[PDB]
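Same chain, two versions here, written out as C-alpha cells and called structure 1 and structure 2.
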Structure 1
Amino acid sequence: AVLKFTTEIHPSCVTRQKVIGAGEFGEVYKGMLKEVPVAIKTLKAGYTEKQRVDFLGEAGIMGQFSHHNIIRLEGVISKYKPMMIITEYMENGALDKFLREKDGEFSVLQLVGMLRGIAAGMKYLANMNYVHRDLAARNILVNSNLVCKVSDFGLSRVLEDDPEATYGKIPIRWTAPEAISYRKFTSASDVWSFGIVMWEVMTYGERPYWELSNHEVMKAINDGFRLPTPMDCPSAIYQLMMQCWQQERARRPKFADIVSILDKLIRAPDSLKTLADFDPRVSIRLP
C-alpha cells in the first residue's frame, strides 16, 4: 500500500547498459526505459525478507515524494526477478566525486545554487516528516542542468549500506552531536549535516576534518572547534554553515530559514562577492 503508488514496469521495457554502482546484493546501471535514460538498481536472488523490505521500502518512500530536488521514481519490477527500482538518470553522478573531478570549474553563484537546491529538497523531506540521517555530498546526485537532488532513502538500510558509517553505526563526521551521543536523529541533526555539505560544496569535495580520526572529530566538536572557512567562500555562506553547527539544536536554522537565506543571496548575487577571510596554512614570502 506504499507500493501501490509505484508503477510496475515490465522487464521488456528496460535495458541495462552499463554498471555505475555495485554491492554484494545487486548493482546499479545506466539504462533505457520504454525511450528515456534511467538508472536501474537490482536485488539478486536469495535476498532475505529484511532485504526485500528494505529494498522495496526505498522505492515506497521515494514514491511518496514529488519535488524538483528529490530523485524521481519511475517504477519498480517486483513481479519478475531480479527485482528492480527504476529512477531518473542523473548524468553527473554523485556530488562529492563530481566536485573533486571538477575542482575550480564553477562560479561561486553556481555552487550556492547547488546548495539552495539541496536545501529545498531537505526542507521538503523535513516537512514531509522524513529524517534523512545520512545527508552528505556522496548522497546527492547531479544532473546535466546542475540540479542537485537528495538520494539514498530507506529505514535501517541507509546507515547500514553506507561505508562511511562506522560502528550504533554512524557517518560520524557528518552527524550532529546529539545523534552521536544519544541517538537523537531529527531534521535538526540533518541541518548539521547540511552545514557539512555546504563546506564540502564550497571546498570542491574536501574531506571534512581531513585526517582527524572519528574520536578526534568528536572531541574537537565538543571542545567548540568547527571547520575553518573554505578558500574563496562568501562570508554569508560561512556564517550560515557555522549556525548549522550550533551545539544547541534549538539555535540551528531550520531548512525553511536556510532556503530563504540562500534564495535572497542568489537573487542579490553581489552579496556573494564579500568573502570570509581564509586562514592560510602555508606562508610564502619573496623579497
Structure 2
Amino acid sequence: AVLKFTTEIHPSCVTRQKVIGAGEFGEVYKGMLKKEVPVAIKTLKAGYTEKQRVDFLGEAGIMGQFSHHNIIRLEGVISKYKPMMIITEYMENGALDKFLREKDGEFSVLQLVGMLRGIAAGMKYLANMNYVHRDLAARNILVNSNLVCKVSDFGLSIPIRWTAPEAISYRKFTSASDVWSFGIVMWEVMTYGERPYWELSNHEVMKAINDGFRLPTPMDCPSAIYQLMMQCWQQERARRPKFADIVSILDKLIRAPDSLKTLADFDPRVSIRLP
C-alpha cells in the first residue's frame, strides 16, 4: 500500500552503469531505463534491516506521491525483486551548487531569480503536502537543460549553516525551518555557490546568528531579493514568511522585472585607491 502512486519497474528494463553515490544500505548508480532514458538508481542490497526496508519503501512511497514541476520525478520502483531499487530521472546539469560554481557569472539576474522561484514553488508544494525537507540546500537541488530546478534529497545528511536555530537547538524541524534554509539557498544562488559564512566554524556560525548577525548582501544582488532572504532568517519562527508568501513575491518580481534593477549596497572587504 505504501507504493500507491509508484510504478513497479521490471529489472530487465534497468541497466546500472556507474556508481554515483552511496545509499543507506546500497549504492546509487547512473543508469538507463526502458528510447532509453537516463536515470539515477538507488539500491537496497542484501542484508538490509527491517528499519532500512521500511525507510526505503517509505521514501519511494512519498516520492511517488509528489507530482510537481520543481520536485524530482520518480520513474518507479523495483520492490518484487532483489536488490530493490528507487529510480528517478537523471538531470544532465547535475546538482545546483556545483553547477553554479562552474558557471560563475554566466547568468542574468532574471535567470537566477527564476531558479529561486522554481525552488520556492517546489517547497510550497512540499510544505502543503505536510512534508518537511530538513536538508534544503543547493547540493540537494538538480538542474535540467531548461534551467529548471528540482528539489531532491540525496540523503548525505545536521547541516548547521543551512539549519534554523530552533531545529539546531531543540530539533523542531518544520516548514518554517525549511524557510530559513531557503533563505540560505537564495544566498547560495545569488553568490554562484559561495560557502555560507565562509571559513567560520559551526560554533562561530551559531554564535553569530544568536548575536543577531546575518549573511551580508551578495554582489550585484537586487534589493528585493536580499530583503526577502533576510526575512527568512528571523529568529522568531512565526515571523518568517510562509512558502506561499515567498512564491507570490518572487512571481511578482519576475513579472515586473524592473523591480530587480534596484540593487542592495555591497559592503566591500577590500578598498583599492586609484586616481
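Numbers given to residues start at 1 and step along the sequence of structure 1. Basically, rigid core = biggest C-alpha set you can superpose within 1.5 Å across the two forms.
- Core-superposed comparison between the two structures: the C-alpha position of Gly63 differs by less than 2 Å.
- After superposition on the rigid core, the Cα atom of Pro11 is displaced by less than 2 Å between the two structures.
- In the core-superposed comparison between the two structures, the C-alpha atom of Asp279 has shifted by less than 2 angstroms.
- Once the rigid core is matched between the two structures, the CA atom of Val53 is found 1.7 Å away.
- The Cα position of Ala137 changes by 0.6 Å between the two structures once both are aligned on the rigid core.
- We note a C-alpha movement of 7.3 Å at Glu24 between the two structures, with the rigid core held in register.
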